[PDB]
> 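Below is a structure I'd like to ask you about.
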Amino acid sequence: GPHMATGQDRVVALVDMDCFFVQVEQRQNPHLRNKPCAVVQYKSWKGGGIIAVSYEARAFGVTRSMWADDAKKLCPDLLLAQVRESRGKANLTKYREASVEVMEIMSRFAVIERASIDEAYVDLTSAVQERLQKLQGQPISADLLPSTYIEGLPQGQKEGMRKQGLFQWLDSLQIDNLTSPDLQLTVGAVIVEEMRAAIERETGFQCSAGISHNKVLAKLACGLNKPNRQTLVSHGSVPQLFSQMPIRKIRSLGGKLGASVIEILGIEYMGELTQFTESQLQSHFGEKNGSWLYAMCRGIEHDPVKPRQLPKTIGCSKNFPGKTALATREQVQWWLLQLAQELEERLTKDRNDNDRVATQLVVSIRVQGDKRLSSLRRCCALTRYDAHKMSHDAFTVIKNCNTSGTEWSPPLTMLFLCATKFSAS
DNA sequence: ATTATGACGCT
Ligand SMILES: [Mn+2]
Ligand SMILES: [Mn+2]
């Protein structure tokens, strides 16, 4: 009872830009705004691979990782923006720079953890305490929450439902207790409305967000009401929400581990996990995963919001699938040079912007017919930002994979260069 | 012949 900690100490938000690459292209080209549109990479093979889809296009069934020619069968009016191509590969620079715009606005409100190019976690605990003291007892007006959904409410037209749920929540709120978790989540949501307003004002970009007590719940909440909306998942809403929540929807359970939870335990939903002791879970899934599952199914997770706005590694990758696989020495060299040239550009810009130097080069390759996604990964020293030297070293480091007797065999279906091990400069 | 990345765990 009194000693079971309930993981309500923090207020954590997950902000995710709605169809981010598409919005970047729609800001740049107004003809695309408020239309079915998608962003593609390459164009020759089946019109190119789609990597981002507006919500209007999604209503027709267009999805990521779908060929553009097939998407056009579902949505003949679909509009397409193409990723920039440089040195024969996709260049994502425009989206990394748009991402930094967004991150820099978010960083004004609270400390953020860049979780991907288009999403960050926010630790709002201090911000909420400060704002609570600023209110000095004033109750929270629904006007301050114009796009917030309260998950699980109403209980007992879409916007009509939203407002009813919010009204029930706010009427139930105990504004005089500055230590109530539910009040703290609520103030966190007010701040997140303000953050999302500043992002849209200063970039034109819309986003969704989740507000809860930890990263996993914030992330799960963010996806409940998209696009352009935010969802508050309270501690108290977890039993009902998790009672029908497929295990695969929880972050890190979408793959093999989640499938083995399902197969070994004979269950489907997150909430069923409550029935197992911690020791049982550790026995099946190992001590770390067991403790984590035992707490997570009760809505409790302790992973911190790391103060990290910048990526930890800077990487350059290209697949050479099918008959385009690289089969000669000249080919492997020239593409290592193209990759190393993009890497040099991004690294020099990174050193100037962020006062740091990478010190290790990671070279990863895939050979044709190899089952694995990395057929090999080897590291060497990264001592100067020179594309010719980095390409020469990556070669030097992979070349004993060639089994020919100027040819290259097995042909290579992927090259990958990654600068890592950053040190302040 | 989804592709381009990027974080993190295991050993
Ligand atoms: Mn997104
Ligand atoms: Mn995202």
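Throughout, protein chains are lettered first and strands after them, A, B, ... in sequence-line order, and every chain is numbered starting at 1. Quick note: numbers below take in every heavy atom, side chains included, and nothing from hydrogens, waters or symmetry partners. Remember, it's 1-based here, ligands and their atoms both numbered in the order they're listed.
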> Which N/O/S atom belongs to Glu119(A) and is the closest one to the Mn ion (ligand 2)?
OE2

> Is there an N/O/S atom in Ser208(A) at a distance below 2.8 Å from the Mn ion (ligand 1)?
no

> Could you tell me if the side chain of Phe320(A) sits less than 4.5 Å from the side chain of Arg366(A), heavy atoms only?
no

> Under 2.8 Å from the Mn ion (ligand 1), is there an N/O/S atom belonging to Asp118(A)?
yes

> Check the side chains of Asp18(A) and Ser208(A) for a donor-acceptor pair under 3.5 angstrom, ignoring hydrogens and angles.
yes

> So, 2.8 Å as the limit: is an N/O/S atom of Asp16(A) located closer than that to the Mn ion (ligand 1)?
yes

> Testing the 3.5 Å rule here: is there a donor-acceptor pair between the side chains of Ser180(A) and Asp182(A)?
no

> If we count only N and O atoms by modelled type, under 3.5 Å, do the side chains of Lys318(A) and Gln338(A) hold a donor and an acceptor together?
no

